[PDB]
C-alpha cells in the first residue's frame, strides 16, 4: 500500500459558473462569460459549442446531494468559489486614477466594507452561507477561491473587446478591475471568514492571459488576438492578486494562496533540457517570481513581494518541447495537443479532450515548485475527460501515487483535489467533456457513480492506495482503446 500523512486530505474542486446553474432560479445572466457563450456570432463561428450553462448540473439547488455523495465517498476537503457577479450584479460607485499603470495599494477599511455591503445581493450571500455551512457540517475542510474566470459584465463586455472597441469596460485590461477585485476579495473574507479554512485569490490566471488574448481559437473571452494586451492583462492580474492578498489579510489571519494551470515540460530529446528550462521560465517562473519575489520587468516591487502563503497545482498532462534556432517550441502530438481518443506520438493513450496520459509530470511540477520556493501546496485540480470511465481509474490511482512520491521526496503537499466531483460545463466545449467521478444526467440532474468514484472512495476512506488497487498505478492498456 501507499499511505498518506494522517493530516492529508482527499477532496474535489469545482467552479461556480460551471456547476451552479441548472435548477429553477439559479441562472446568473450577468457575467462576461454568460454573454460570451450566448453570443450568436461566437456560436456561428464555432468558437463556443452552443451548449448553455443554465442547463448545467444544478449545484445551486442540489448542493446537499453533491455534498452527501462527497461525504459517502470519504472526501475531507473541497475547493469552491463565490461568483463575483452573483454578489454584485449591478455596478459599484467609482473611486483612484485609471491612468496610473501601477496599483500599489487599495485601502480597505470598515466604513468602505459597510458601504460595499449596501450594494451586495443578500439573497446570494445568504445562499452561499447556507451552501458552505452544509459543506462544513460534513466535516469538509474548505478552501474558498475568489475568482474562476467570469467577471461582472459591468467590468468587462467581451463582445465589445472582441470587436476591437476598447472604450468600454475592458476586463483585465483596466486597472478599475484590479481595484474592484481587491475590494471584492476583502469583502468576501469579511463576510465568510468564520466558514473558511484557507483562501485562494484566483484560479488559473494564466489561462486568462494565454487563451483570452493569444490562444483565440479556444473560445475563451474576449478572444482578441494581441501579444501586447496579453501582457497587460497578466500585469494587471498579478497586481490584482497582491492587492487581494493584502485585502484578505486586512480582515483575516488565514492562509492565502493562488491556483495556477501547470504543465510538465518535457524534452523531446536528451539535448533539449535547456528548452525545458526556458519553457518553465516563460510559463511558470515569471509569474510566481513576481508574486513571491516581487520581480517584474527588471525590478523588484515591494508591494508585490511576499504575497503568497501556498500554491495550488492544477495538473492534467505534459508539454513536449525542443530547442530551436531562437528559443524553443512545443510539439503537436503530445501533451494537450493530441487527437481525441487516440494515442500520442509516444504511444500513450489520450482522453476525450485529446490530452495525453502522463502522471510523472505531477511529480515533476510538485517537486520543481517545492525546490524553488518551499511553499506548501495542494493539488487543486487533476482529472480527465472520460465519459465512459475507461481511463479514469488508472488516471486517478497513478496521479495519486505520484503525489505520494512527491511527499516522500520532501515536498510539503497537504491534499489532492480531483477535478471534479461531477460533470460540469466545460466552457467552449459545453457539456461534452465529462470530468466527473459522478456522471450527470443533464435532463433529470441525477448523479451516478462511475466506477472510478468507488475507487476514489477506497483511497479517501483508507487514506492510501490500498494493496487491492495498486495495479491501477499503470497506463490504461492501449490495445483495446481507439488509435
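Numbering follows the first chain given and starts at 1.
A chain break between residue 95 and residue 96 is present, corresponding to 1 to 3 residues of the deposited sequence without coordinates. Gap check for residue 297 to residue 298: 4 to 9 deposited residues are absent from the model. Legend: mean Cα B-factor per stretch from the PDB entry, 265-273 versus 178-186; the higher mean is in 265-273. Between 286-294 and 157-165, the higher mean Cα B-factor belongs to 286-294. Ranking 335, 215, 327, 383 by the C-alpha B-factor listed in the PDB entry places 327 at the top. Out of 68, 51, 441, 423, the entry records its largest CA B-factor for 68. Among the modelled residues of the chain, residue 132 sits in the highest third by CA temperature factor in this PDB entry. Among the modelled residues of its chain, residue 123 has a C-alpha B-factor that falls in the highest third according to the deposited record. Ranked against the other modelled residues of its chain, the C-alpha B-factor of residue 363 as given in the entry falls in the middle third. In the deposited entry, the Cα temperature factor of residue 392 places it in the lowest third of its chain's modelled residues. Sort the modelled residues of the chain by CA B factor and residue 150 lands in the lowest third.
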